[PDB]
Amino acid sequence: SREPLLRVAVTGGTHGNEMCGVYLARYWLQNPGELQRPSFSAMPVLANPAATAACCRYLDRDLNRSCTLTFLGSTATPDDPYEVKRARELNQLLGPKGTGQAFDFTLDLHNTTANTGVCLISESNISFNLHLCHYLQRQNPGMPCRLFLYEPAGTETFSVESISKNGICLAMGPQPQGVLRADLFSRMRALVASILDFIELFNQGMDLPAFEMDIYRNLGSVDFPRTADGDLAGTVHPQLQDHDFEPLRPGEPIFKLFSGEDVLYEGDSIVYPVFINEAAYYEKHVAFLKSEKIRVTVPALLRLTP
């Protein structure tokens, strides 16, 4: 029988310069009304305080690559990276990751400089999460709302939502870092209201019929064309730029070198590039990500089994 989700968090500011998250967090800390539902209330949290204030992605280490049980379970020192110190505080608050104490759910807000529009990033295929995406699609006709599935290859998970029993990132782009677009703030806000609505109904005992949907499963990344120096030698090609989620046949151009030469996609088959030309992924050696567009079957989530 269905367990209601009662300890629910919404984290903004995991990256200090992704502004929808940041300003929603700050706002709700002052104005928690809109996070109240009948069966539960979602705790608003500003994930990376120091970064949010310096308005940069991270101080010492990406907070969202810092929540492995190794990191979390390690022994303090003087000069642990700030984000490691902070990760542990989030473990204290939302976890401990892996224990029965952890939150029921974390909704983690993000912005991107890629043209992804609305995208939910999920680290497993737990049906709850696909039912959720699907609820969002139904509530917003004609607005795309896509699911990026990024399972961990290893066993170690790294992200802030990985701390709670379940979780998911709401990613929205394009937006420059340090820039708050009114249209995106308000659309994030609405989608968050809707995600909370969803959880209300789930808790209320709502039947969620099995269904089918297309999703986007990570195949791994592609780095920028580089000089032996490890420097850029070109950038995302004009015909790829801004076309996240659209199909990339082999033989099509993906980069343009400074020397004027087109670079071409070499691969077995058609893929779906996602997070094309994200500011933050330059250092992570990632010009974009390769996904396969599959169609999965999502089991029903019922109050009672039949």
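The first residue of the sequence shown is number 1, and the count goes up from there.
- When the mean C-alpha temperature factors of 106 to 114 and 149 to 157 are read from the deposited coordinates, 149 to 157 comes out higher.
- The question of which stretch, 172 to 180 or 137 to 145, has the higher mean Cα B factor is settled in favour of 137 to 145.
- Within the group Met213, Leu196, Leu132, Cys119, the record's highest C-alpha temperature factor is found at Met213.
- Sort the chain's modelled residues by C-alpha temperature factor and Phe258 lands in the middle third, per the entry.
- Ranked against the other modelled residues of its chain, the C-alpha B-factor of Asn64 as given in the entry falls in the middle third.
- Sorting the modelled residues of the chain by their CA temperature factor places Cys56 in the middle third.
- Among all modelled residues in this chain, the alpha-carbon of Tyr265 has a temperature factor (C-alpha) in the highest third.
- Annotation for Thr70: CA B-factor lies in the highest third of the chain's modelled residues.
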